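The residues making up each chain are set out below.
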Amino acid sequence: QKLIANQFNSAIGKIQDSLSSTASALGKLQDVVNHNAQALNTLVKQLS
Amino acid sequence: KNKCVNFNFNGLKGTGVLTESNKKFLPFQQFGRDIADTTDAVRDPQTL
Ligand SMILES: *[C@@H]1O[C@H](CO)[C@@H](O[C@@H]2O[C@H](CO)[C@@H](O)[C@H](O)[C@H]2NC(C)=O)[C@H](O)[C@H]1NC(C)=O
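Caption draft 1: Expanded view of the overall build of chain A. On a plain count of helices and strands, chain A comes out with two helices and zero strands. Projected onto its principal axes, the C-alpha positions of chain A cover 65 × 15 × 10 Å. Carbon and sulfur atoms form 58% of the exposed surface of chain A, whose accessible area is close to 4,700 Å².

Caption draft 2: Structural detail: the packing of aromatic side chains. All names here are of chain B. With the rule as written, the count across this model stands at one aromatic pair over all chains. Residues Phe7 and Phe9 carry aromatic rings whose centres are separated by 6.1 Å and whose planes lie at 70° to one another, so their mutual orientation is edge-to-face. Given the relative accessible area of 16%, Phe9 is considered buried.

Caption draft 3: Fine view of the environment of B:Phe25. Looking at the element boundaries, B:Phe25 is found in the segment after β2 (12-17). Linking B:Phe25 and B:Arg43, residues 18 residues apart in sequence, is a C-alpha distance of 9.3 Å.

Caption draft 4: Fine view of a nonpolar patch on the surface. Residue and element names in this part refer to chain A. The grouping of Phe8, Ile12, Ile15, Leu19, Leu26, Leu29, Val32 and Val33 at the surface amounts to a nonpolar patch, some 800 Å² of accessible area in total. Among the secondary structure elements, those contributing two or more residues to the nonpolar patch are α1 (2-19) and α2 (27-45). Tallying contributions element by element places α1 first for the nonpolar patch, with four residues. Mapped onto the secondary structure, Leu29 falls in helix α2. Exposure remark for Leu29: the relative accessible area of 60% places this residue in the exposed category.

Caption draft 5: Spatial organisation of the site of the ligand. The ligand sits among B:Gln46, B:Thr47 and B:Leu48. When isolated, the ligand has an accessible area of 580 Å², and the protein chains bury 16% of it.

Caption draft 6: Quick look at the pairing of β2(B). Pairing analysis gives six bridges linking strand β1 (residues 4-9) of chain B to β2(B), with the strands arranged antiparallel. The partner of B:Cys4 across the bridge, within β2(B), is B:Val17.

Caption draft 7: Local environment of unusual backbone geometry. All names here are of chain B. Within the chain, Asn10 stands out as a residue other than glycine whose phi angle is a positive 60°. Mapped onto the elements of the fold, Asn10 is located in the loop between β1 and β2. Located in the positive-phi region is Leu48, a residue other than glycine, with phi close to 60°. If you trace the backbone, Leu48 turns up in the segment after β2.

Cut-offs applied
Residues numbered from 1 in each chain as written, not as in the entry; some residues may be left out. Chains lettered and ligands numbered in written order. Part of a larger assembly, values for the part shown. Heavy atoms only, no water. Helix = DSSP H or I, 4+ residues; strand = E, 2+ residues; numbered from the N terminus. Areas by Shrake-Rupley, 256 points an atom, 1.4 Å probe, with all protein chains shown as cover. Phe/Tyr/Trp six-rings, centres within 6.5 Å; stacked < 30°, edge-to-face > 60°. Buried < 20%, exposed > 50% of the residue type's maximum accessible area, 1.4 Å probe, protein only. Patch = residues over 30% accessible without salt bridge, like charges linked within 9 Å, V, L, I, M, F, W, Y side chains within 5 Å. Salt bridge = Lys/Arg side-chain N within 4 Å of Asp/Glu carboxyl O. Near = heavy atom within 4 Å. Pairing = 2+ DSSP bridges.

Right, dumping it as structure tokens:
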């Protein structure tokens, strides 16, 4: 039980360091904002 | 100023609220625009 608990704590503690790196882990949630912002800026730029 | 006023600045008809600029204009600049092709700031022809 102690080995399973220690491995679970070591796997949970490496989640934050993995999400704090590689610069594209949360890119699937950045794409849905960067697509709406691009679709709005296209409507702004098509008035010129 | 500070009210919704129909303005006519050297033939430029429009409707908006005229507030203070608070941005450094260079002395050759008459108009002021945004991302779109709309006039955001006009230099005054009398009081400058
Ligand atoms: C239109 O009126 C404005 C406001 O009185 C004049 O602007 C000033 O004019 C005096 C004297 O002509 C100058 O000493 C100031 O330096 C001017 N101030 C600014 C901010 O320009 C303006 O000269 C008048 N227009 C004409 C063609 O005389």
